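A single chain, nothing else alongside it, follows as structure tokens in the form deposited in one PDB entry.
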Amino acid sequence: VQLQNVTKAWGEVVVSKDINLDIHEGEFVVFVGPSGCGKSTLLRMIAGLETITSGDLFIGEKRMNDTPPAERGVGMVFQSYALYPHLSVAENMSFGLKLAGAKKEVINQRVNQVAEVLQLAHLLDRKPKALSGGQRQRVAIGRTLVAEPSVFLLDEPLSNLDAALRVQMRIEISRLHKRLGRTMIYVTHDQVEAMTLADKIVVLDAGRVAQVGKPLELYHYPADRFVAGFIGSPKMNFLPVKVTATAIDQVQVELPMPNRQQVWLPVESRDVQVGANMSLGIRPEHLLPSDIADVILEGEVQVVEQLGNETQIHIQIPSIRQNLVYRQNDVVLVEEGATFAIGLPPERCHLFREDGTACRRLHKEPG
């Protein structure tokens, strides 16, 4: 429930810096970050299986860096095959006889209720070698939902599950949290999941903590370029611009286009010098039909991905490196090489200084 300058490292390969997390009791916290940033290591250190090179681990109240993996209040172990190849499903799931707590021995009343939510009922007498990746995965989860620790440490527990099934499990896991009221430390790559379950999201990046905030705060108010480009599916579009003017709460920038159009952005303005080279971000879903008016960008359709509910059009614009990704509702029929124009809304624009830190958007978004 609490870290303090927890630094981990092995040689000159520092996996984690002085991260300072403050997880309250019964809070649902998910960890997200680029592959390699230190999410799994962090979760393990919070438990056993991994040492703590420096810092304090306040679980409950007093430190627990030396406490044996046994009693901590933790309940980890996850993802397809971590199960005993000789025991059965019911046997593996009902291993909650000694996992940091005090339970009876007629708990069959729960191992049967858990295998129910995980739709594993008809597989209780099954052996691991007889379960699919997805099935094994849920068994591994039951083992933890059965023990019912004081603090769960889930690590991508819902992987290997079809979409429909994965939605039901999100519901189940959400209930198991608004009931046991325990503390949860979830780790995932599924961003939709993060936003739906998380009651506070932690974004890691190369060992360091990038930002911590609620779902919509991270989405709407990334503190820097990195976080901005990490939260949100089709990465946020980034255009190179130049600050031409400065007000108290404006900051005018010049788009690299041939026409060199300028526009006033509802941004911080603090520490923004005229003439500075800055990064302007705009999300694929925030771009406009262009049918309306104002700031417009035109280019050639490079890619077009059909998703049934929406269409993502990749547009190439002169003077801009990478294509500009744009998402539009429904099936939209356009071809490659075609000419496409979109509208760039100033309220929904982000601006990052050369150092990458953000210029606190002033526009108030609901939430």
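Basically, rigid core = biggest C-alpha set you can superpose within 1.5 Å across the two forms. A residue's number is simply how far along the shown sequence it sits, counting from 1.
Two stretches, 257-265 and 94-102, are weighed by how far their CA atoms sit from the shown form in 7 other deposited structures of this protein after rigid core superposition; the farther one is 94-102. Taking the rigid core as the alignment reference, the C-alpha atoms of 287-295 lie farther on average from the displayed form in 7 other deposited structures of this protein than those of the other stretch among 287-295 and 209-217. A summary of the deposited B-factors shows that, of 253-261 and 208-216, the stretch with the larger mean C-alpha value is 253-261. Two stretches are in play, 159-167 and 264-272, and the higher mean C-alpha B-factor belongs to 264-272. For the set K103, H286, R138, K242, the PDB entry puts the maximum C-alpha B factor at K103. Considering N277, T188, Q79, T196 together, the PDB entry gives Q79 the largest C-alpha B factor. When the modelled residues of the chain are ordered by C-alpha B-factor, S233 sits in the lowest third. In this PDB entry, the Cα temperature factor of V202 sits in the bottom third of its chain's modelled residues, the lowest group.
For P345, the recorded CA temperature factor ranks within the middle third of the chain's modelled residues. In the PDB entry, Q312 places in the lowest third of its chain by CA B-factor. Ranked by C-alpha B-factor against the other modelled residues of its chain, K98 falls in the highest third.
Keep in mind that the form deposited with a partner chain bound is missing from the display, and what follows is about it.
Annotated contacts: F78, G96 and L99 all touch the partner chain in the entry with it bound [non-hydrogen atom within 4.5 angstroms].
Note on the partner interface in the entry with it bound: the residue among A338, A341, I320, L49 having a heavy atom within 4.5 angstroms of the partner chain is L49. Though the partner chain is absent from this view, in the entry with it bound it lies within 4.5 Å of a heavy atom of just one residue from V253, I141, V74, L204, which is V74. Proximity of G26 to the partner chain in the entry with it bound falls outside the 4.5 Å heavy atom cutoff. Within this chain, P69 lines the site of the partner chain in the entry with it bound, having a heavy atom no more than 4.5 Å away. The partner chain in the entry with it bound is not approached by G181, whose heavy atoms all lie more than 4.5 angstroms from it. The closest non-hydrogen atom of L239 lies beyond 4.5 Å of the partner chain in the entry with it bound.
Heavy atoms within 4.5 Å of the partner chain in the entry with it bound are found in one stretch of 256-264, 107-115, 271-279, 80-88, which is 80-88.
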